[PDB]
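What follows is a short report on a single structure.
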């Protein structure tokens, strides 16, 4: 069984770096505890297939609803394994493995490792999430 | 009881979205061959697969083949229950939603597994190839 235990460094230089850094901005949005700030990073037509809900989210209001629940866990993410694939100047895929540190209602911390896909599209100069698929490690 | 997806999706009426949806049918047919090479042929050389039943992310043709060598022994047949299509370039697209596989075991016994999917396609030399496929079990059970 594969486990991913280290932390993926940024490509220190270049345009893979730009795409890769977007996760940092997203992680920071989580830390605000504000679902609207997180939702702001998704395209109005983005699609979220999330870690802990069977409901696929395909509207801003659906996405906000997920984060309204998810953010109560004070989630903090770290990338363990990264691939970046640039499609054109204005679209890219960042996919791999990441780990959330979550806090339960009693303050107890646990880690959940998950695979991720972020598909981004640059619109009017801003990169927005078009697809986010996040899933627990299937072998546990 | 948990949320699930119970119907069979409408393959879209016409256009780019219909062309993108049809790619899944081609992939499902490649499954049916039982030949992992045929399935891998639908992935870009730099495609990335984050598969339903393995922790190991597959980022080479060899690693993709390896996954389907196991997966195809279950005689998997997929059906789309719910679909979204988003067009990026003229040459890239995302098909994402929920599908169900019917699997067949060693002694003929069948079972269905519902999973979320993302396929990210990129058209190169006029041909669509998979650059990302993420497939994942329903997170909630019972």
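Any read-out appearing in this document is the output of simple, stated calculations on the displayed coordinates, not a laboratory observation. Quick reminder, even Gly has a Cβ in these numbers, built from the backbone with ideal geometry, and neighbours come from all protein chains shown.
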Practice item. Using only the C-alpha atoms of the protein assembly as shown, find the volume of their convex hull and express it per residue in Å³. Key: 147 Å³
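Rounded to the nearest 5, what % of DSSP beta bridges with both residues in chain A are antiparallel?
90 percent
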Revision key, fill the gap. Taking A:20-27, A:128-135, A:80-87 and ranking on average Cβ neighbours within 10 Å, highest first, one gets A:128-135, A:80-87, A:20-27
**Study point:** the stretch B:1-70, relative contact order in percent, only Cα pairs under 8 angstrom and at least six apart counted
**Key:** 21 percent
Review point. What is the mean number of Cβ atoms from other protein chains located within 10 Å of the Cβ atom of each residue in peptide A:86-95, rounded to a whole number?
Key: 6
Check your understanding: To the nearest whole number, what is the average tally of beta carbon atoms from other chains within 10 Å of the beta carbons of peptide B:105-118?
Key -> 2
Point to revise | Separation of alpha-carbon centers, the stretch A:99-132 and the stretch B:101-137, rounded to whole Å | key: 23 Å
Practice item. With springs only between Cα atoms under 10 Å apart, run a GNM on chain B and tell me which of B:97, B:47, B:15 wobbles the most. Key: B:15
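Defining a contact as two alpha carbons under 8 Å apart and six or more residues distant in sequence, what relative contact order in percent does chain A show? Intermediate values should be presented prior to the final figure.
Values: 258 pairs, mean separation 32.4, N = 140.
It rounds to 23 percent for chain A.
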Revision key, fill the gap. Taking every residue of A:53-63, the Cβ atoms of other protein chains inside 10 Å of its Cβ average out to 3
Review point. Under the rule of -39500 (n - 2.57) per DSSP H run of 4 or more residues, summed and divided by the residues of chain B, what mean residue ellipticity at 222 nm is obtained, to the nearest 500 deg cm²/dmol?
Key: -7500 deg cm²/dmol
Practice item. Rounded, prolate or oblate: pick one for the stretch B:1-41, where a ≥ b ≥ c are the square roots of the eigenvalues of its C-alpha gyration tensor, a/c under 1.5 means rounded, and failing that, prolate if a/b is larger than b/c, else oblate. Key: oblate
Exercise for review: Report the relative contact order of the stretch A:61-140, percent, no decimals, based on alpha-carbon pairs under 8 angstrom and at least 6 residues apart.
Suggested key: 22 percent
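What's the exposure ranking of A:89, B:41, A:94, going from fewest to most Cβ atoms within 10 Å? Walk me through the numbers on the way to the answer.
Values: A:89 9, B:41 13, A:94 23.
Starting with the residue having the fewest Cβ neighbours, the order is A:89, B:41, A:94.
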Review point. What is the diffusion coefficient of chain A in µm²/s, taking the Kirkwood radius over Cα pairs and the Stokes-Einstein relation at 20 °C with a viscosity of 1.002 mPa s?
Key: 139 µm²/s
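Could you sort the peptides B:1-14, A:113-126 by per-residue average Cβ neighbour count (10 Å cutoff), highest mean leading? Don't jump to the answer; show the numbers that get you there.
Details: B:1-14: 11.2, A:113-126: 19.3.
Ranking, from highest mean packing down: A:113-126, B:1-14.
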